[PDB]
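*Asks:* Can you keep this structure in mind? I'll have questions shortly.
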Amino acid sequence: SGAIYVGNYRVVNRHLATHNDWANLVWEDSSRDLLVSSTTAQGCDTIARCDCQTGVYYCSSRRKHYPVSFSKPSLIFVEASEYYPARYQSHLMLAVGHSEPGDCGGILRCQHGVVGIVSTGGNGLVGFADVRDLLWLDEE
Ligand SMILES: [Zn+2]
């Protein structure tokens, strides 16, 4: 589980979005596993605006933050998980590390702020759904 709270936006994995998220929908994209809903309270997370390929992510299944190198956001084939079929996922960044389904929503951060949230796992890789291209998160 986990979310990004920026301005009046809540960023979650689409597959974990709640009824309240869908009833307050701003934007969703299945191919990215992202959903954004509107909040009544202002959020304080800073979104990274950068092309960093190093940062730190939270791994709930190890209660640990790991420093990792990660690939640039790309269209990648993801093998079947308990929450998605085998399919292509867009704007996905891979690192070498541990990821289980319950780790979805863990923050990846760099020196510029929030890069993305854990979205995929398995075969010793962790996949992160990038949010750095969503510049509208910072305004309105
Ligand atoms: Zn950065």
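All residue names refer to the structure tokens as shown: chains lettered A, B, ... in order, residues numbered from 1 in each chain, ligands numbered from 1 in order.
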Name the residues, by chain letter and number, that sit within 9 Å of ligand 1 using only C-alpha atoms and all ligand atoms, and give them as a PyMOL selection string.
*Replies:* chain A and resi 48-55+109-115
*Asks:* Since we have the selection now, will you write its residues out, keeping N, CA and C atoms, as a PDB file, in the first residue's frame?
*Replies:*
```pdb
ATOM      1  N   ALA A  48       9.720  14.906  -7.784  1.00  0.00           N
ATOM      2  CA  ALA A  48      10.988  15.075  -8.524  1.00  0.00           C
ATOM      3  C   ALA A  48      10.691  15.603  -9.924  1.00  0.00           C
ATOM      4  N   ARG A  49      11.480  16.572 -10.396  1.00  0.00           N
ATOM      5  CA  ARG A  49      11.443  17.050 -11.799  1.00  0.00           C
ATOM      6  C   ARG A  49      12.875  16.965 -12.302  1.00  0.00           C
ATOM      7  N   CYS A  50      13.219  15.830 -12.902  1.00  0.00           N
ATOM      8  CA  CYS A  50      14.619  15.382 -13.105  1.00  0.00           C
ATOM      9  C   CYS A  50      14.652  14.123 -13.959  1.00  0.00           C
ATOM     10  N   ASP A  51      15.846  13.680 -14.352  1.00  0.00           N
ATOM     11  CA  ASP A  51      16.036  12.396 -15.056  1.00  0.00           C
ATOM     12  C   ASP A  51      17.000  11.512 -14.241  1.00  0.00           C
ATOM     13  N   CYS A  52      16.949  11.598 -12.920  1.00  0.00           N
ATOM     14  CA  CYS A  52      17.774  10.786 -11.988  1.00  0.00           C
ATOM     15  C   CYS A  52      17.477   9.315 -12.239  1.00  0.00           C
ATOM     16  N   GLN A  53      18.499   8.468 -12.100  1.00  0.00           N
ATOM     17  CA  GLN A  53      18.415   7.000 -12.202  1.00  0.00           C
ATOM     18  C   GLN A  53      19.035   6.370 -10.953  1.00  0.00           C
ATOM     19  N   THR A  54      19.224   7.162  -9.899  1.00  0.00           N
ATOM     20  CA  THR A  54      19.551   6.668  -8.546  1.00  0.00           C
ATOM     21  C   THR A  54      18.543   7.251  -7.565  1.00  0.00           C
ATOM     22  N   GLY A  55      18.156   6.459  -6.587  1.00  0.00           N
ATOM     23  CA  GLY A  55      17.364   6.983  -5.485  1.00  0.00           C
ATOM     24  C   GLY A  55      17.201   5.908  -4.427  1.00  0.00           C
ATOM     25  N   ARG A 109      12.314   7.751  -4.071  1.00  0.00           N
ATOM     26  CA  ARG A 109      12.720   9.186  -3.958  1.00  0.00           C
ATOM     27  C   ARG A 109      14.173   9.347  -4.398  1.00  0.00           C
ATOM     28  N   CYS A 110      14.474  10.515  -4.931  1.00  0.00           N
ATOM     29  CA  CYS A 110      15.838  10.979  -5.288  1.00  0.00           C
ATOM     30  C   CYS A 110      16.024  12.329  -4.605  1.00  0.00           C
ATOM     31  N   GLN A 111      17.099  13.036  -4.927  1.00  0.00           N
ATOM     32  CA  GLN A 111      17.433  14.314  -4.262  1.00  0.00           C
ATOM     33  C   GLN A 111      16.357  15.362  -4.619  1.00  0.00           C
ATOM     34  N   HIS A 112      15.592  15.164  -5.700  1.00  0.00           N
ATOM     35  CA  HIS A 112      14.619  16.167  -6.223  1.00  0.00           C
ATOM     36  C   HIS A 112      13.227  15.936  -5.637  1.00  0.00           C
ATOM     37  N   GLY A 113      12.997  14.749  -5.057  1.00  0.00           N
ATOM     38  CA  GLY A 113      11.771  14.404  -4.324  1.00  0.00           C
ATOM     39  C   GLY A 113      11.218  13.067  -4.783  1.00  0.00           C
ATOM     40  N   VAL A 114       9.900  12.982  -4.884  1.00  0.00           N
ATOM     41  CA  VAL A 114       9.212  11.718  -5.242  1.00  0.00           C
ATOM     42  C   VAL A 114       9.308  11.445  -6.743  1.00  0.00           C
ATOM     43  N   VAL A 115       9.901  10.310  -7.065  1.00  0.00           N
ATOM     44  CA  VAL A 115      10.075   9.837  -8.460  1.00  0.00           C
ATOM     45  C   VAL A 115       8.880   8.991  -8.902  1.00  0.00           C
TER      46      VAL A 115
END
```
*Asks:* Please compute the CA of residue 82 (chain A)-CA of residue 15 (chain A) distance, one decimal, in Å.
*Replies:* 10.7 Å
*Asks:* Excluding region 128-133 of chain A and any residue of its chain fewer than 6 positions from it, enumerate the residues within 7 Å of it, using only C-alpha atoms, and give them as a PyMOL selection string.
*Replies:* chain A and resi 32+47-49+73+91-94+115-120
*Asks:* Restricting the calculation to only C-alpha atoms, which member of A:37, A:20, A:99, A:69 is positioned closest to residue 137 (chain A)?
*Replies:*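 Closest candidate: A:37.
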*Asks:* Can you tell me which residues surround residue 63 (chain A) at a distance of at most 12 Å, considering only C-alpha atoms, apart from same-chain residues fewer than 3 positions away, and format the answer as a VMD selection string?
*Replies:* chain A and resid 57 to 60 66 98 to 99 102 to 103 106
*Asks:* Using the chain letters and numbers from this document, which residues of region 41-120 of chain A does DSSP assign to helix (DSSP H, G or I), as number ranges by chain?
*Replies:* A: 60-62, 101-103
*Asks:* With distances taken over only C-alpha atoms, which residue among A:97, A:127, A:85, A:43 lies nearest residue 72 (chain A)?
*Replies:*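 The shortest atom-to-atom distance to residue 72 (chain A) comes from A:127.
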*Asks:* Hey, which of A:70, A:9, A:22, A:27 ends up closest to residue 44 (chain A)? Count only C-alpha atoms.
*Replies:*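 Looking only at the distances to residue 44 (chain A), the closest residue turns out to be A:9.
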*Asks:* Report, in Å to a single decimal, how far apart CA of residue 89 (chain A) and CA of residue 75 (chain A) are.
*Replies:*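 CA of residue 89 (chain A) lies 5.6 Å from CA of residue 75 (chain A).
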*Asks:* Run DSSP on the backbone and give me the residues of region 8-50 of chain A it puts in strand (DSSP E or B), as a ChimeraX atom specification.
*Replies:* /A:8-13,25-29,34-44,47
*Asks:* May I ask which of the residues A:13, A:8, A:71, A:39 is the closest one to residue 126 (chain A), counting only C-alpha atoms?
*Replies:*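 Among the listed residues, the smallest separation from residue 126 (chain A) belongs to A:71.
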*Asks:* Looking at only C-alpha atoms, which of A:108, A:34, A:41, A:25 is the one that sits closest to residue 6 (chain A)?
*Replies:*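 For residue 6 (chain A), the nearest of the candidates is A:41.
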*Asks:* Between A:7, A:30, A:12, A:38, which has the minimum distance to residue 84 (chain A) (counting only C-alpha atoms)?
*Replies:*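 Of all the options, A:30 lies closest to residue 84 (chain A).
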*Asks:* State, in Å with one decimal place, the distance from CA of residue 125 (chain A) to CA of residue 96 (chain A).
*Replies:* 4.6 Å
